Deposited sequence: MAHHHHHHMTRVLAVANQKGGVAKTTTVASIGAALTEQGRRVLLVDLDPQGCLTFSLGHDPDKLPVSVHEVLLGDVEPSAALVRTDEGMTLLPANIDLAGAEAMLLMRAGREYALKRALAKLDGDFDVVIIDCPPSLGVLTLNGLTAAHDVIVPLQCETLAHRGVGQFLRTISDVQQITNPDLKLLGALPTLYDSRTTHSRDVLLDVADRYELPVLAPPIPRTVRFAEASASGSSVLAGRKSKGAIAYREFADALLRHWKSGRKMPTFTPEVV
């Protein structure tokens, strides 16, 4: 039964998280679809495709000009990727024009139901139509959250956006919480940042933190986190928190 995970943060980490979780699930046996929703094509390029060379992309898919299957490409790691390129910047403009703009990705993913166990979506650093499509198509959402500095301005706005989405396009959407990234355990300041965020906002901060970056510390953390996701989806186990219950 397909699970869809949105990965979102309007502040510009994020893409590494999509890719690394994707590969960890692919290791643990699951069929994984990654979706690039950023016209800059970060995920797509990081997975080895040149977005400027792609004959078609998620752009044509959102618009209905190409069927989803025809736009998918392979990755070395085993995941399947629905890629993006700068064309996608045009969809954002053409989509507000139409009705039910929010559901374009959702409809495209429905065609692929049964082909994949998990879908992970890389939302652009914005809270526009593209990110709305990602959140409207997801069961679950996490925000990858940097803790190098104290600049968690924006978390309030992000929560207000999640809440708005639950009200009108996707009532089933669940905020699993914040995945800390760029965690530095050499001083306490990273921890300080997370304790502060958890205290200001109605936002679970999840474990383990991804440290500043095959058997790496970051790899282990991503693997450990992918496993928590799997168990959460299978048996409803709560996601373990940075500060344990």
Non-modelled portions of the deposited polymer sequence, in sequence order: 1-8, 21-22, 224-239, 272-273
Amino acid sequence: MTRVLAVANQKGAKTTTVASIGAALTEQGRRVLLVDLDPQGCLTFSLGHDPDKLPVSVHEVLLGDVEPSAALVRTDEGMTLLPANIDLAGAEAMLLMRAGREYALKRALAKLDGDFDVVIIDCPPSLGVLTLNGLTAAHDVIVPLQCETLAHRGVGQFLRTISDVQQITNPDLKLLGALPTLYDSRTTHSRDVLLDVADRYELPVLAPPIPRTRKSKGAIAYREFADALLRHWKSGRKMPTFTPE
From here on, numbers count along this sequence of modelled residues.
Which of 214-222 and 26-34 has higher mean CA B factor, as the PDB entry lists it: 214-222
Mean Cα B-factor comparison, 188-196 or 175-183, giving the higher one as deposited: 188-196
Out of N133, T149, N170, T80, highest CA B-factor residue: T149
Maximum C-alpha temperature factor, selected from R160, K106, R98, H139: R98
Ranked C-alpha temperature factor of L43 among modelled chain residues, by third: lowest
Third of the chain's Cα B-factor distribution that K14 belongs to, per the entry: lowest
Third of chain Cα B-factors occupied by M239: middle
Third of the chain's Cα B-factor distribution that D122 belongs to, per the entry: lowest
Chain thirds of CA B-factor: placement of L230: highest
